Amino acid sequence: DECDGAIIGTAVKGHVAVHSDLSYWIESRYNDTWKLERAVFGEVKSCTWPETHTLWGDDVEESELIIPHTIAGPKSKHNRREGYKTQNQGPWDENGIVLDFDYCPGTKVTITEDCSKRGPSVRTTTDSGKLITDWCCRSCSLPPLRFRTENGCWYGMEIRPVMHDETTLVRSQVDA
C-alpha cells in the first residue's frame, strides 16, 4: 500500500523540485524542460508514494516513470527524463545507490539504431573486473542514465555494452 505521508517532504521552489522521505531524495530541475536530475537512495523500499505528496501527477503513464512506482517512485512527471522509460531492471539490490545523468568513468555512449533493445542493467566492469568502454542506445538522450553503487557503476536499461570478444557480464537480477 502507500508509504506513510507523515514523514514525507515534497517541494518545488521555482525551477528545482524535490520529492523526499526518510530514504529517498528525488530531485528534478527545469532548464528548458523539466528533467529528473538525481535520485539518492538510503535504502530501496517497496510501497507506493502517496498522491497527496506528489507534484505534477495528472495524466501519468507508469511506464515513463524512471524510478518504478512499485519501489516508491513518485507518480509524477518530475520522475521522467526524455529518452528513458521505467528502470524496472535497474540494479535495485545494490547498496548506496545514486542515479544521475552522466557517463560512468572511462566510458562512452553512442546513439544508433544498430543497438540492441532495452534489457537488464549492466555493470561497467565485467566479472573479472575489466572495464567495458563503449556502449550504445537506440534512442536514449545524453548524458546517459547511470547508477553509482557500492559495487561499481551501471547504466540504465536502454544503454547496452559494445563488445568485440567473449566476456562475462554482470547484470541486474532484479525486476521491480
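Start at 1 and count along the sequence shown; that's the residue number.
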Using only C-alpha atoms and the B-factors in the entry, which stretch averages higher, 164 to 172 or 16 to 24? 164 to 172
Can you tell me which stretch has the higher mean Cα B-factor, 121 to 129 or 50 to 58? 121 to 129
Looking at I67, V40, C115, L145, which one carries the largest C-alpha B-factor according to the PDB entry? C115
Could you place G83 in the lowest, middle or highest third of its chain by Cα temperature factor, using the values in the record? highest
Would you mind ranking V44 by its C-alpha B-factor against the rest of the chain and naming the third, lowest, middle or highest? middle
Mind checking which third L36 falls in for C-alpha B-factor across the chain? lowest
